[PDB]
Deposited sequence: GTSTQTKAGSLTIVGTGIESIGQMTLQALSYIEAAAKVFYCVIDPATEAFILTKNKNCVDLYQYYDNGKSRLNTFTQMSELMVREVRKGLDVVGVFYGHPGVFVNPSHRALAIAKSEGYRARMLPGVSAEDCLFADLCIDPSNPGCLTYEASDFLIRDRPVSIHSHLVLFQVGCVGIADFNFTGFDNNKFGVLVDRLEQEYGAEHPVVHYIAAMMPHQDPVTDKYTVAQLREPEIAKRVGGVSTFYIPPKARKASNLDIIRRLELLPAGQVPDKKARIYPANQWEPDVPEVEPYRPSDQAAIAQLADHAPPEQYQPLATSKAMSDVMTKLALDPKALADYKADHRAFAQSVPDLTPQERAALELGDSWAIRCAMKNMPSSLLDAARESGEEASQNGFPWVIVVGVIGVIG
């Protein structure tokens, strides 16, 4: 209804390649783009995609509080929204993961009646999971800002993953172009010693920011973090991963209520692969007899009766791709399902009808051959069950 919109998007962490297709498409469609990114290749890429970009990084300064910068960053965006423009804000990683001005700008825009949306992106923690070869689900994940972790005395779980952002600027909220001496780092190390012990591993993690670089995945003990030359290596893009100390046992009452015992595996017994960063992690066999038996079944395998093969058309595939990749086409479609579906070339009557309704079932039926036996979407992990 009201003219003007704010869409905030991410670039991901690794230069260019970790931007989403939809983030790119909004950057291209925007009347004005405001960006804060860490590497010049991503900045240059963004400038080739829109003619009206502004670098938000220029609003930082030595001894200027970050809060004032953030207020300024968000106001620049919201000013253009108020004039009736389609504005896009672009931030490093995921634009709402450890980011102030994005949330501020969106909330102001939203409260004043403008269309406001954040699109998700790939965060440093997403990269961490990928590079450290860990799954947040096994055995759970605690994520904190390092200074917050200390100041508010946030609880750890020695049985779950712990991830700490901003380990290289403990207790420091000022800006400097030279960065800071991380003088209060020792206060974090003391907390980690207390919680985990001096010999427990800490993984210093830095995701590759350029496509050709390797990530930093350096295991240290908590005690090694006291060494000057090791502590020196922690900076503004450093994140700490601390693996579990031990494995949590199963609760008998829950086993009973969930009907899992008629037995349950030992707490030490694992599904391959085991977390390689955990201390005293045993070797897990990737090819047990049950695995070999399942692999033997591949030779005679046919799709089950209830499997739904894709059965769509170029015309339908094109329109669904266009709706995902063309914000203007999506907006037209959302404004009038029927008028949009009428104007799409080469659709079958079923495809047209499904697009007219817009319901997920109708579109699925149009694109997937549903067998008789069917008429259960793949959550793709098992835990200790």
No C-alpha positions exist for deposited residues 1 to 5, 268 to 269, 383 to 395, 406 to 410
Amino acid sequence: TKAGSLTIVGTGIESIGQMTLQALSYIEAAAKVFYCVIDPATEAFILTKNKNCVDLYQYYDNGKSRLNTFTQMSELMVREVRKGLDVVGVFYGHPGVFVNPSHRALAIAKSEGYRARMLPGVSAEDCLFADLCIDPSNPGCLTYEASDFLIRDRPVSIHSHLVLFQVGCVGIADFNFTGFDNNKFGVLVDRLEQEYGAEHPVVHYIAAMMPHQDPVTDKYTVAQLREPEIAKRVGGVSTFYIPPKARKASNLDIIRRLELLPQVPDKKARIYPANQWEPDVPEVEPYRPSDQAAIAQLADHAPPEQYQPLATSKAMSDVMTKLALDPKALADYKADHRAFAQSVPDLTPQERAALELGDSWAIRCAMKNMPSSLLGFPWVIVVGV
From here on, numbers count along this sequence of modelled residues.
Entry B factor averaged over C-alpha atoms, 119 to 127 against 151 to 159: higher for 151 to 159
Entry B factor averaged over C-alpha atoms, 292 to 300 against 223 to 231: higher for 223 to 231
When the entry's CA B-factors for 204, 104, 212, 184 are compared, the highest one belongs to 184
Of the residues 282, 140, 95, 243, the one whose Cα carries the largest B-factor in the deposited record is 282
Residue 341: CA temperature factor from the record, placed by chain third, in the highest
Tertile call for residue 253 (CA temperature factor, within chain, third-based) is the highest
In terms of its chain's C-alpha B-factors, the third that includes residue 16 is the lowest
In terms of its chain's C-alpha B-factors, the third that includes residue 135 is the lowest
Sorting the chain's modelled residues by C-alpha B-factor and splitting them into thirds places residue 325 in the lowest
